[PDB]
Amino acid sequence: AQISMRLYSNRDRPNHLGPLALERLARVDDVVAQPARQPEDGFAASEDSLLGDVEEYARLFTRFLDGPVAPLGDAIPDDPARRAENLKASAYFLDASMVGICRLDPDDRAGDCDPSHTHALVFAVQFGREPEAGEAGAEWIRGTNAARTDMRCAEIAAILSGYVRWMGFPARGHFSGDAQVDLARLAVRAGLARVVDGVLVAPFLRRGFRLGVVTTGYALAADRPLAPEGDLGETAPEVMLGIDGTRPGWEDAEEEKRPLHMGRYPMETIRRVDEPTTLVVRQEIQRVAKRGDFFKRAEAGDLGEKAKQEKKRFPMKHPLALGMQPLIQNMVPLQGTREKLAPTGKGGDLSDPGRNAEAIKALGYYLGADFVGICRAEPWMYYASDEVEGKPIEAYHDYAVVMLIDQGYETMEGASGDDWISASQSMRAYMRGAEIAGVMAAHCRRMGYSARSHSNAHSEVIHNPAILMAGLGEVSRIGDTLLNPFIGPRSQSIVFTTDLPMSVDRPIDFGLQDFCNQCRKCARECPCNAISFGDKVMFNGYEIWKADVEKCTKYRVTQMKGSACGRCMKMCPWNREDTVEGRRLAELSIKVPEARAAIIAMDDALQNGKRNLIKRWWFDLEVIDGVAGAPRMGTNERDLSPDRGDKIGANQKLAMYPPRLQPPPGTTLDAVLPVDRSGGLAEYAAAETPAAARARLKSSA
């Protein structure tokens, strides 16, 4: 039994308070400043180590600590208290461990800092868990924590400073690698740390931490420093049990009992199988032109004029997403190599693939992944041709390292799924995963093993079969999304392929096929009816619930009451809170088939998927012509929808686009292939049932 979960829900807790119970700490109005440095590692990092890679990505993010400042619109809220809450929530959303605000005095902006800056958003990121000595990959990680954590701080400072700049206010990010103000001094004044023997000590962050700061003239309500002496209250019973929905005081200690390479969720308790729960006929799977990605189809005109127009901006309507974009786009040149590499003898003992897998897994979790799985990168997982030159893509690497980034339950529980924070929920997981995989792929290359990552911005593999084969999800009704037994459908994946030899994981079986046969919630709640209410079909050689990717693409690119859409992730019953009750309801789903229908039905009865306005922390801002304003057309504020009735699965008719109905390999964005919807509808009426496939396959056995 895993006992580290929260006993208490955070459903009434606003996001600006964060996962720690900082409001229950002893505070005073001021404290006398005193010299102090940030926590540093206990050991130095060898040439076997990560260090050079996390320093490169910190240097990349440094490029975006300052930037162009948008014109001021008329929709930025005035209240410094609301601004504070929104910015603090923004920082926690990007996984700041601890956040605070303080006023800048003249002494701070007397340096290179812009002198119009009056306020500082201070935030700390806790050191990562490191492998114990003798565990695989320890020497990859030992002594890199300050730079790994500094990278993360530089990332968050870059995004948050750009978010404020896109709202019309000059803002500059600061971290150890590039600061114009005294970080430690502001960490104390903002109430994140105290000083002990000249080193910062923060409550709750027992592992050490590193700092980032965003200074700005954007006026904010300030916080107060910690009581400089004596017990702050960190172990009070309310904090220890986390009654307000916060991190239990025992969770750190319980966590450290598991090996780092196993992750935080108990995937070891999920049944493994040699073949996936759904049928995969490799000899019948054709490789798809990357020009068949319907975003690429929309870009090239295949879906009409409006989809073409909006393809570039649809996920970048919101200033927060616009803060992430420079990082997303400029990480692409660093994704890695396709040519074979000579082993360089760095990295310690790489002769045990079982140990290499553990080290890559430990490496992922250390860098902030939520799941890691390894499978082998089969040639049919690669696109046939790229979309820009049309040239063939090679199956150049042997293995795929697949990592899931949780999109975030609490933010989505306040959102509609298709409102102004949707694309920011995708894009956050997109850049965070691209970061992590860029760093790991780079470290594989340092060890002389070709490695290349595959981002939202540039992938040469299709993630979904790798998510399946790595045992991170099952085929779900949502269609082009796989569902994980602990975080449901609430994930964005990042992959990097490599030649580094690693033991592969096996597919998982947690009963989801039988569960989805009894559930229609995501299908019922989709704004454009893109999800199938019917049975699974055969599609390009594998069994799948085929969603209508044409309808979904047009909705995500074109709908004007939000930025993109991910509502089908919010509505699934497996989208649950990380509480004892939530894990138990998942356990029951997995272990007790006779209870699945009751859980499916009570998820609607208890009105799960209804919006929680406590959690609506973001501003509704649409950028139009480079200026952030109120939304032109409004804001999706959807709640639970009703029953399409008993016969919908027989009457819904969707379009599918297997390779036959796609642009052929070699086609480029320079060509236009209007989507053949009538053929896609007829195609899907004609699809083989998975049952017939198994019969037909059996006769050639």
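Just count from 1 along the sequence shown to find any residue number.
Original post:
Mean C-alpha B-factor higher for 541-549, or for 350-358?
Top reply: The entry gives the higher C-alpha B-factor average to 350-358.
**OP:** Could you settle it for me: does 480-488 or 134-142 have the higher average Cα B factor in the PDB entry?
**Re:** Looking at the record's C-alpha B-factors, the answer is 134-142.
Subject >> Deposited CA B-factor, highest of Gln180, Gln513, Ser493, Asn529 >> reply: Comparing C-alpha B-factors across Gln180, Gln513, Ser493, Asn529, the top value belongs to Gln180.
Original post:
Going by the entry, which of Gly111, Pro507, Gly438, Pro326 has the most elevated CA B factor?
Top reply: The listed residue with the largest C-alpha B-factor is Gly111.
Original post:
So where's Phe61 on the chain's Cα temperature factor ranking, which third?
Top reply: It falls in the middle third of the chain.
**OP:** Could you tell me which third, lowest, middle or highest, the C-alpha B-factor of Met656 occupies within its chain?
**Re:** Tercile = lowest for this residue's CA B-factor.
Subject >> Cα B factor band for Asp499 (lowest, middle or highest third within the chain) >> reply: For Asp499, whose C-alpha B-factor we compare with every modelled residue in the chain, the answer is the middle third.
Subject >> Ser49 - which third its CA temperature factor falls in, relative to the rest of the chain >> reply: Highest third of the chain for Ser49's C-alpha B-factor.
Subject >> Lowest, middle or highest third - CA B-factor, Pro237 >> reply: Middle third - that is where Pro237 ends up once the chain's C-alpha B-factors are sorted.
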